$ cat work_36.cif   # mmCIF, C-alpha atoms
data_coords
loop_
_atom_site.label_atom_id
_atom_site.label_comp_id
_atom_site.auth_asym_id
_atom_site.auth_seq_id
_atom_site.Cartn_x
_atom_site.Cartn_y
_atom_site.Cartn_z
CA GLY A 159 -55.81 48.21 -14.87
CA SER A 160 -56.04 44.41 -14.70
CA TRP A 161 -56.74 44.18 -18.45
CA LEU A 162 -53.75 42.76 -20.31
CA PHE A 163 -53.03 42.05 -23.98
CA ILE A 164 -51.21 38.81 -24.80
CA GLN A 165 -48.92 39.53 -27.75
CA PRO A 166 -46.43 37.46 -29.75
CA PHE A 167 -42.80 37.64 -28.66
CA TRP A 168 -41.84 35.58 -31.74
CA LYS A 169 -42.24 36.76 -35.32
CA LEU A 170 -43.70 33.37 -36.26
CA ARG A 171 -46.77 34.02 -34.10
CA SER A 172 -49.20 36.55 -35.55
CA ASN A 173 -52.23 38.41 -34.24
CA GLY A 174 -55.31 36.20 -34.35
CA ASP A 175 -53.31 32.99 -33.97
CA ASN A 176 -54.07 30.51 -31.20
CA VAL A 177 -51.75 30.73 -28.21
CA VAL A 178 -49.83 27.47 -27.72
CA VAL A 179 -48.60 26.28 -24.33
CA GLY A 180 -44.88 26.82 -23.88
CA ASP A 181 -44.75 29.93 -26.08
CA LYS A 182 -42.99 33.07 -24.89
CA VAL A 183 -45.42 36.00 -24.94
CA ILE A 184 -45.58 39.69 -24.02
CA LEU A 185 -48.11 41.02 -21.50
CA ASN A 186 -49.05 44.62 -22.31
CA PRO A 187 -51.34 46.58 -19.95
CA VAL A 188 -54.25 47.93 -21.98
CA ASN A 189 -54.51 51.31 -20.25
CA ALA A 190 -50.83 51.82 -19.45
CA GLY A 191 -49.48 50.33 -22.68
CA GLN A 192 -46.03 49.57 -21.21
CA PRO A 193 -45.18 45.85 -21.01
CA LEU A 194 -44.43 44.19 -17.70
CA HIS A 195 -40.77 43.78 -16.81
CA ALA A 196 -38.82 41.76 -14.24
CA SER A 197 -36.46 44.51 -13.12
CA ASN A 198 -33.10 43.86 -11.46
CA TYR A 199 -33.89 46.02 -8.42
CA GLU A 200 -33.89 43.97 -5.22
CA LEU A 201 -36.31 44.57 -2.35
CA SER A 202 -34.68 45.61 0.91
CA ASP A 203 -36.97 43.60 3.19
CA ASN A 204 -36.83 40.41 1.10
CA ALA A 205 -33.52 38.83 0.09
CA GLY A 206 -33.11 37.63 -3.49
CA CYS A 207 -36.47 39.01 -4.67
CA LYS A 208 -36.60 41.45 -7.59
CA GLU A 209 -39.48 43.81 -8.32
CA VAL A 210 -41.85 43.43 -11.27
CA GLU B 368 -36.56 16.68 -41.70
CA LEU B 369 -39.37 19.07 -40.81
CA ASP B 370 -40.80 19.84 -37.37
CA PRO B 371 -44.15 21.63 -36.90
CA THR B 372 -44.26 24.91 -35.00
CA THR B 373 -47.97 24.51 -34.16
CA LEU B 374 -50.65 21.89 -33.67
CA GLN B 375 -51.25 19.69 -36.72
CA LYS B 376 -54.05 17.35 -37.80
CA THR B 377 -52.81 13.97 -36.53
CA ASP B 378 -49.62 14.22 -38.59
CA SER B 379 -51.50 14.86 -41.83
CA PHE B 380 -50.00 16.40 -44.96
CA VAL B 381 -47.90 19.54 -44.58
CA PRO B 382 -50.16 22.56 -45.24
CA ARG B 383 -49.24 25.22 -47.76
CA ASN B 384 -47.62 28.38 -46.38
CA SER B 385 -46.90 26.74 -43.02
CA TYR B 386 -44.03 27.56 -40.68
CA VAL B 387 -41.61 24.66 -40.20
CA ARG B 388 -38.32 23.95 -38.43
CA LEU B 389 -35.59 22.26 -40.45
CA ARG B 390 -33.28 19.61 -38.98
CA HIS B 391 -30.39 17.64 -40.47
CA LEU B 392 -31.17 13.93 -40.22
CA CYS B 393 -27.57 12.73 -40.51
CA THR B 394 -26.30 15.07 -37.79
CA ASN B 395 -29.58 15.59 -35.86
CA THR B 396 -28.87 19.34 -35.71
CA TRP B 397 -31.38 22.15 -36.21
CA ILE B 398 -30.83 25.13 -38.49
CA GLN B 399 -30.01 28.55 -37.05
CA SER B 400 -29.24 32.03 -38.34
CA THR B 401 -25.88 33.60 -37.46
CA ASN B 402 -24.93 37.27 -37.66
CA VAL B 403 -21.42 36.50 -38.98
CA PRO B 404 -21.56 38.04 -42.48
CA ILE B 405 -20.20 36.10 -45.43
CA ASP B 406 -19.13 39.26 -47.33
CA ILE B 407 -17.54 41.35 -44.58
CA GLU B 408 -15.11 42.70 -47.19
CA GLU B 409 -17.97 44.46 -48.98
CA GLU B 410 -18.75 47.96 -47.76
CA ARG B 411 -22.37 46.93 -47.03
CA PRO B 412 -22.43 43.16 -46.42
CA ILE B 413 -25.72 41.49 -47.32
CA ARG B 414 -24.83 37.79 -46.87
CA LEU B 415 -25.33 36.26 -43.42
CA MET B 416 -24.00 32.80 -42.59
CA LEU B 417 -26.32 30.02 -41.44
CA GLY B 418 -25.29 27.10 -39.25
CA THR B 419 -26.75 23.94 -37.75
CA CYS B 420 -26.49 23.37 -34.00
CA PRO B 421 -27.50 20.42 -31.79
CA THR B 422 -29.76 22.59 -29.62
CA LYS B 423 -33.17 23.66 -30.92
CA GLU B 424 -34.58 27.17 -30.55
CA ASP B 425 -38.27 27.80 -31.18
CA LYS B 426 -37.47 31.27 -32.54
CA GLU B 427 -35.27 29.89 -35.35
CA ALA B 428 -37.88 28.73 -37.86
CA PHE B 429 -37.99 29.01 -41.66
CA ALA B 430 -41.38 29.46 -43.31
CA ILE B 431 -42.04 27.85 -46.69
CA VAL B 432 -43.82 30.22 -49.08
CA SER B 433 -45.40 28.71 -52.18
CA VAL B 434 -44.74 30.41 -55.51
CA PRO B 435 -47.38 30.41 -58.29
CA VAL B 436 -46.65 28.14 -61.24
CA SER B 437 -47.12 31.14 -63.54
CA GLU B 438 -44.11 32.91 -62.03
CA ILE B 439 -41.93 29.82 -62.56
CA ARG B 440 -43.15 29.51 -66.15
CA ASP B 441 -42.32 33.17 -66.83
CA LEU B 442 -38.87 32.76 -65.28
CA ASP B 443 -38.15 29.70 -67.42
CA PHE B 444 -39.35 31.51 -70.55
CA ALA B 445 -37.12 34.47 -69.70
CA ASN B 446 -34.09 32.23 -69.23
CA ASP B 447 -34.69 30.37 -72.49
CA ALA B 448 -35.22 33.62 -74.41
CA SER B 449 -32.01 35.02 -72.93
CA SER B 450 -30.11 31.91 -74.02
CA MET B 451 -31.50 32.05 -77.56
CA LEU B 452 -30.73 35.77 -77.88
CA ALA B 453 -27.20 35.14 -76.60
CA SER B 454 -26.77 32.51 -79.31
CA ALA B 455 -28.09 34.98 -81.90
CA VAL B 456 -25.67 37.63 -80.62
CA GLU B 457 -22.80 35.18 -80.98
CA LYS B 458 -23.90 34.37 -84.54
CA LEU B 459 -24.09 38.07 -85.44
CA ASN B 460 -20.66 38.68 -83.90
CA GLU B 461 -19.34 35.88 -86.11
CA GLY B 462 -20.68 38.01 -88.98
CA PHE B 463 -23.01 35.47 -90.62
CA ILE B 464 -26.58 34.59 -89.61
CA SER B 465 -28.92 32.28 -91.50
CA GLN B 466 -32.27 33.53 -92.75
CA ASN B 467 -34.15 30.96 -90.66
CA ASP B 468 -32.17 32.03 -87.59
CA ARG B 469 -33.05 35.65 -88.33
CA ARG B 470 -36.74 34.74 -88.59
CA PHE B 471 -36.55 32.86 -85.28
CA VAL B 472 -34.90 35.89 -83.67
CA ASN C 211 -41.56 11.68 -84.75
CA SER C 212 -44.81 10.04 -85.85
CA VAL C 213 -44.03 6.91 -87.90
CA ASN C 214 -44.79 3.20 -87.83
CA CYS C 215 -42.57 1.53 -85.24
CA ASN C 216 -42.46 -0.95 -82.37
CA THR C 217 -41.64 1.59 -79.64
CA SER C 218 -43.65 1.44 -76.42
CA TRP C 219 -44.11 4.05 -73.69
CA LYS C 220 -43.99 2.93 -70.06
CA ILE C 221 -46.30 5.21 -68.09
CA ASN C 222 -44.99 6.07 -64.62
CA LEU C 223 -47.31 7.81 -62.15
CA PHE C 224 -45.44 10.83 -60.82
CA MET C 225 -48.47 12.17 -58.94
CA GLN C 226 -52.11 11.13 -58.58
CA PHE C 227 -55.00 13.43 -59.42
CA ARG C 228 -56.21 13.51 -55.81
CA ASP C 229 -52.76 14.60 -54.59
CA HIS C 230 -52.77 17.40 -57.20
CA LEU C 231 -54.29 20.03 -54.92
CA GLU C 232 -52.92 23.50 -54.22
CA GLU C 233 -53.79 23.46 -50.49
CA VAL C 234 -50.92 21.07 -49.60
CA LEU C 235 -47.14 20.95 -49.92
CA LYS C 236 -46.47 18.69 -52.91
CA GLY C 237 -43.16 17.26 -54.05
CA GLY C 238 -41.58 19.21 -56.88
CA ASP C 239 -43.16 22.51 -55.86
CA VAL C 240 -41.02 25.64 -56.05
CA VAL C 241 -40.88 27.36 -52.66
CA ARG C 242 -39.11 30.24 -50.92
CA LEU C 243 -37.56 29.85 -47.47
CA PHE C 244 -38.14 32.95 -45.33
CA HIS C 245 -36.54 33.40 -41.90
CA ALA C 246 -39.26 34.88 -39.70
CA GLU C 247 -36.93 36.16 -36.97
CA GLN C 248 -34.60 38.06 -39.30
CA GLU C 249 -37.27 38.57 -41.99
CA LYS C 250 -34.88 37.49 -44.74
CA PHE C 251 -35.12 35.14 -47.72
CA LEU C 252 -32.66 32.26 -48.02
CA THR C 253 -30.47 32.78 -51.08
CA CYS C 254 -27.78 30.77 -52.87
CA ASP C 255 -25.29 32.51 -55.14
CA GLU C 256 -21.63 32.62 -56.12
CA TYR C 257 -19.63 34.99 -53.91
CA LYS C 258 -16.07 34.73 -55.26
CA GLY C 259 -15.73 31.39 -57.08
CA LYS C 260 -18.02 29.01 -55.18
CA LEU C 261 -21.74 28.84 -54.48
CA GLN C 262 -22.66 29.89 -50.94
#
$ encode --input "work_36.cif" --output "structure tokens"
Amino acid sequence: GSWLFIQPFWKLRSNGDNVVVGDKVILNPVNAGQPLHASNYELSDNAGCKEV
Amino acid sequence: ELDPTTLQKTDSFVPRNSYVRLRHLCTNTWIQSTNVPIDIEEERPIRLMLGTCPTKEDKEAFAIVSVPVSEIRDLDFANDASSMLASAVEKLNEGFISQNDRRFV
Amino acid sequence: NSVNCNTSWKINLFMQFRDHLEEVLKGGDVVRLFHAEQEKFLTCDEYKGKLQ
């Protein structure tokens, strides 16, 4: 489950291109296939922290 | 002015088919695509306005695609042939065309 | 026309032979501007009475 695909969030970047620091990317779990997401749900125990 | 979107060889020549970001030197503003159509009156607008803004966005980048010289030559030949045939059409409409003009046509 | 004269032709170097390579962006080349994000080609044409 730790395996993750780094994918281009910008159309300019294409598969096989070198990742450049400061570039927005998409992290897709290989097995799950659903990209990570910083949801707006807030944890009850912790204040101001939102689940990923 | 052009700004690279990726690492370049010590500011060497601009490579062919390379993504670039355009900026206006006089204003120091970068280009950007806007959704405000230019032909809203048309039932299916196809023209989208572009504008230059002081802030730069990495997403807004225009790639330069090289066109073969053969395509440009064919386009120029087509335009010249269209012009000559228009002239011949005008001559025929006038009712008189010279024999040499007919041979050229 | 070809005839005896005193006319002289001043050669001006527009581009050197070394610079005449197809792997680089050269001045005078015909290019197309393509917006990667919207996947559209920049166009210039007359809409009503003016070029836009």
$ interface_residues --input "work_36.cif" --of "chain A" --to "chain B" --cutoff "12 Å" --atoms "all atoms listed in the file" --output "PyMOL selection string"
chain A and resi 166-172+175-183
$ atom_distance --input "work_36.cif" --atom1 "CA of residue 262 (chain C)" --atom2 "CA of residue 433 (chain B)"
22.8 Å
$ closest_atom_pairs --input "work_36.cif" --of "chain C" --to "chain A" --cutoff "9 Å" --atoms "only C-alpha atoms" --output "Markdown table"
| residue | atom | partner | partner_atom | distance |
| --- | --- | --- | --- | --- |
| C:246 | CA | A:169 | CA | 5.6 |
| C:247 | CA | A:169 | CA | 5.6 |
| C:248 | CA | A:169 | CA | 8.7 |
| C:249 | CA | A:169 | CA | 8.5 |
$ interface_residues --input "work_36.cif" --of "chain B" --to "chain C" --cutoff "10 Å" --atoms "all atoms listed in the file" --output "count of residues only"
32
$ residues_around --input "work_36.cif" --residues "residue 389 (chain B)" --least-positions-apart "6" --cutoff "6 Å" --atoms "all atoms listed in the file" --output "count of residues only"
4
$ atom_distance --input "work_36.cif" --atom1 "CA of residue 424 (chain B)" --atom2 "CA of residue 395 (chain B)"
13.7 Å
$ atom_distance --input "work_36.cif" --atom1 "CA of residue 390 (chain B)" --atom2 "CA of residue 418 (chain B)"
11.0 Å
$ resolve_selection --input "work_36.cif" --expression "the PyMOL selection byres ((chain A and resi 187-197) around 10)" --output "list in words"
residues 159, 160, 161, 162, 163, 164, 165, 184, 185, 186, 198, 199, 200, 208, 209 and 210 of chain A
$ write_last_selection --input "work_36.cif" --atoms "C-alpha atoms" --output "JSON list (two decimals), keeping the file's coordinate frame"
[["chain", "number", "residue", "atom", "x", "y", "z"],
["A", 159, "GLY", "CA", -55.81, 48.21, -14.87],
["A", 160, "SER", "CA", -56.04, 44.41, -14.70],
["A", 161, "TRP", "CA", -56.74, 44.18, -18.45],
["A", 162, "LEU", "CA", -53.75, 42.76, -20.31],
["A", 163, "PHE", "CA", -53.03, 42.05, -23.98],
["A", 164, "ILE", "CA", -51.21, 38.81, -24.80],
["A", 165, "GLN", "CA", -48.92, 39.53, -27.75],
["A", 184, "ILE", "CA", -45.58, 39.69, -24.02],
["A", 185, "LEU", "CA", -48.11, 41.02, -21.50],
["A", 186, "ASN", "CA", -49.05, 44.62, -22.31],
["A", 198, "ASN", "CA", -33.10, 43.86, -11.46],
["A", 199, "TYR", "CA", -33.89, 46.02, -8.42],
["A", 200, "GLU", "CA", -33.89, 43.97, -5.22],
["A", 208, "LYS", "CA", -36.60, 41.45, -7.59],
["A", 209, "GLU", "CA", -39.48, 43.81, -8.32],
["A", 210, "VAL", "CA", -41.85, 43.43, -11.27]]
